[PDB]
Amino acid sequence: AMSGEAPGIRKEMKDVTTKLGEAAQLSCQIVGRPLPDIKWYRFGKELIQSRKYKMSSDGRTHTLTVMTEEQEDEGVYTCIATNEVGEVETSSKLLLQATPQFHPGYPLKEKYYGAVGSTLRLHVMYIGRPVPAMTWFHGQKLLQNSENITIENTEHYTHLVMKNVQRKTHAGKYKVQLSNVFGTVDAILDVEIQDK
């Protein structure tokens, strides 16, 4: 006809939390005449329906189902509703839940070796949502950022860098600890310094 109604949001998308590895339903209501066509977006790219991204619409309620497998599934999801009259946009975030766990796929070795006088970097990949409190220990001493020690913590890893390693000062056992509301986990790394 002469007139159609551009898609209108009845219920906007809301933030959703789901256990990592389980299904996540992101839903919203948008109404238009003609009925709106739905597209889902992720990092500026259109999501195409698959087994991982299931898409449901009855013309009013639009739901995206994400079968979470990895931490990277978390984040922004955008639903765009369109018709000849116009288009609307709505976005929300997916929050994952996972007990702190050292990343399988990047197994930690028992012993690590640092050349004398060189910098040693311990790069530990982990799985944990929400991002866990991360802590490093050398013996019974809690590691803190300083001139020769730096610790970069990310939602994907905890990175310890030690400058100018010497056997008397840097050799020994190290403990990396990850903790969140769900639980805690730790690993012990045996560091040895080799003259070279």
Side-chain angles (χ1 to χ4, degrees), residues 15-24 26 41-47 50 52-53 66-78 91-196:
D15 288 352
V16 168
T17 187
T18 199
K19 173 189 178 183
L20 179 54
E22 297 297 334
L26 301 105
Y41 294 94
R42 177 70 160 165
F43 304 117
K45 309 186 182 187
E46 167 175 34
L47 290 178
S50 66
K52 184 181 183 182
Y53 304 111
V66 179
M67 308 307 297
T68 72
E69 39 167 1
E70 68 177 0
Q71 267 172 161
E72 283 102 319
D73 292 333
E74 86 207 328
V76 182
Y77 287 93
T78 302
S91 305
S92 70
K93 291 178 177 173
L94 174 55
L95 287 61
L96 299 181
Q97 296 175 202
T99 69
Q101 165 196 13
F102 292 111
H103 205 301
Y106 309 104
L108 296 175
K109 295 182 57 58
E110 183 197 0
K111 296 185 63 179
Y112 289 95
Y113 299 84
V116 194
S118 70
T119 291
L120 178 56
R121 309 174 98 88
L122 269 33
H123 186 80
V124 182
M125 301 289 289
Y126 76 89
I127 287 173
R129 285 311 185 253
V131 182
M134 294 171 272
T135 306
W136 281 91
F137 296 89
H138 183 219
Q140 58 192 204
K141 209 79 173 64
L142 195 156
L143 300 174
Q144 281 171 341
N145 289 78
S146 64
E147 164 64 0
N148 300 291
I149 295 283
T150 305
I151 310 173
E152 169 161 315
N153 288 336
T154 285
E155 78 279 8
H156 288 306
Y157 59 75
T158 172
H159 189 93
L160 171 65
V161 43
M162 284 168 330
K163 248 183 266 175
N164 179 273
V165 307
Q166 287 304 333
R167 178 182 174 165
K168 162 185 160 187
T169 180
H170 293 266
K173 266 80 172 181
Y174 286 74
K175 181 206 287 184
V176 51
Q177 204 164 60
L178 285 39
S179 304
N180 73 18
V181 286
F182 305 120
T184 181
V185 74
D186 71 74
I188 290 182
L189 300 68
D190 199 30
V191 170
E192 204 80 51
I193 314 301
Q194 283 168 318
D195 258 21
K196 312 200 178 304

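Residue numbers run from 1 in the order of the sequence given. Hydrogens, waters and symmetry mates are skipped; everything else that's a heavy atom, side chains included, is used.
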Minimum-distance pair of heavy atoms, taken over all atoms of [X] and [Y]:
{"X": "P130", "Y": "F182", "value": "CD-CE1, 3.6 Å"}
{"X": "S91", "Y": "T78", "value": "OG-OG1, 2.7 Å"}
{"X": "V116", "Y": "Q166", "value": "CG1-OE1, 3.0 Å"}
{"X": "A187", "Y": "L108", "value": "CB-CD1, 3.8 Å"}
{"X": "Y112", "Y": "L189", "value": "CE1-CD2, 3.7 Å"}
{"X": "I151", "Y": "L143", "value": "CD1-O, 3.4 Å"}

[atom1]-[atom2] distance between [X] and [Y], expressed to the nearest 0.5 angstrom:
{"X": "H170", "Y": "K163", "atom1": "NE2", "atom2": "NZ", "answer": "10.5 Å"}
{"X": "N153", "Y": "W136", "atom1": "CG", "atom2": "CH2", "answer": "9.5 Å"}
{"X": "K19", "Y": "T68", "atom1": "NZ", "atom2": "OG1", "answer": "9.5 Å"}
{"X": "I193", "Y": "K168", "atom1": "CD1", "atom2": "NZ", "answer": "13.5 Å"}
{"X": "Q140", "Y": "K173", "atom1": "CD", "atom2": "NZ", "answer": "14.5 Å"}
{"X": "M125", "Y": "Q101", "atom1": "CE", "atom2": "CD", "answer": "12.5 Å"}

Can you find a pair of side-chain heavy atoms, one from [X] and one from [Y], that are under 4.5 Å apart?
{"X": "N180", "Y": "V131", "answer": "no"}
{"X": "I127", "Y": "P104", "answer": "yes"}
{"X": "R121", "Y": "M162", "answer": "no"}
{"X": "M134", "Y": "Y126", "answer": "yes"}
{"X": "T119", "Y": "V161", "answer": "yes"}
{"X": "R42", "Y": "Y77", "answer": "yes"}
{"X": "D190", "Y": "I188", "answer": "no"}
{"X": "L47", "Y": "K45", "answer": "no"}

**OP:** Under the salt bridge (charged side-chain N to carboxylate O under 4.0 Å, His left out) rule, what do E192 and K111 come out as? Steps first, then yes or no, please.
**Re:** CA-CA 7 Å; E192 204 80 51; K111 296 185 63 179; 3.6 Å; yes

Subject >> Intermediate values then yes/no, side chain to side chain contact (heavy atoms under 4.5 Å, CB included), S92 and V16 >> reply: CA-CA 8 Å; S92 70; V16 168; 5.6 Å; no

**OP:** Go through the steps to decide whether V185 and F102 satisfy the test side chain to side chain contact (heavy atoms under 4.5 Å, CB included), and finish with yes or no.
**Re:** CA-CA 8 Å; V185 74; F102 292 111; 3.8 Å; yes

Is the number of heavy atoms from other residues, nucleotides or ligands within 6.0 Å of [atom1] ([X]) greater than 12?
{"X": "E46", "atom1": "CD", "value": "yes"}
{"X": "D15", "atom1": "CG", "value": "yes"}
{"X": "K52", "atom1": "NZ", "value": "yes"}

Please check this pair: side chain of [X] against backbone of [Y], looking for a donor-acceptor N/O pair closer than 3.5 Å.
{"X": "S118", "Y": "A115", "value": "yes"}
{"X": "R129", "Y": "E155", "value": "yes"}
{"X": "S146", "Y": "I149", "value": "yes"}
{"X": "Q71", "Y": "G128", "value": "yes"}

Subject >> Check: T17/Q97 side-chain N/O donor and acceptor closer than 3.5 Å >> reply: yes

Subject >> Whether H138 and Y174 hold their rings parallel, tilted or perpendicular, with breakpoints at 30° and 60° >> reply: parallel

Subject >> Residue pair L178, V176: steps toward the side chain to side chain contact (heavy atoms under 4.5 Å, CB included) verdict >> reply: CA-CA 7 Å; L178 285 39; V176 51; 3.6 Å; yes

Original post:
Does the side chain to side chain contact (heavy atoms under 4.5 Å, CB included) test come out yes or no for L96 and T18, once each step is laid out?
Top reply: CA-CA 5 Å; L96 299 181; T18 199; 4.2 Å; yes

